[PDB]
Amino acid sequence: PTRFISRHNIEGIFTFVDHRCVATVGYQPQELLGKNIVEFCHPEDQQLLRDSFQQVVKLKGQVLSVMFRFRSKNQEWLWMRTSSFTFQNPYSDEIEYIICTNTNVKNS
């Protein structure tokens, strides 16, 4: 069950990546950090991924799953199931960021 955790801002920029991403999508965390998740997305799935990130912030901590094609380091489209939820520390009024579990799954 090859999966990695990532953290993103509201725009989709990777702000944290777990080192298990090298085995999942082939990139080191430093190659994903500061970049937008839509840049590694298949052009047919980019709008669905943008709309998903916009809606996960309105869903009050609930889980939103999205399937999309991610361009691996080895230049291949991998099917990914990303489960996302917003987190906002309740002791604060900081902007809510998104936490993800990204797994390579079968489209079958």
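Residue positions are given as counts along the sequence shown, with the first one as 1.
Visitor: Can you tell me whether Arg50 has a C-alpha B-factor in the lowest, middle or highest third compared with the other modelled residues of the same chain?
Guide: Answer is lowest: the recorded C-alpha B-factor places it there.
Visitor: How does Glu76 rank on Cα B-factor within its chain, lowest, middle or highest third?
Guide: Highest third of the chain for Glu76's C-alpha B-factor.
Visitor: Among the chain's modelled residues, which third holds the C-alpha B-factor of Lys35?
Guide: CA B-factor rank for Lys35: middle third.
Visitor: Ordered by C-alpha B-factor within the chain, which third holds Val56? Give me lowest, middle or highest, please.
Guide: According to the entry, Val56 has a C-alpha B-factor in the chain's middle third.
Visitor: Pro29's Cα B-factor: lowest, middle or highest third of the chain?
Guide: Highest third.
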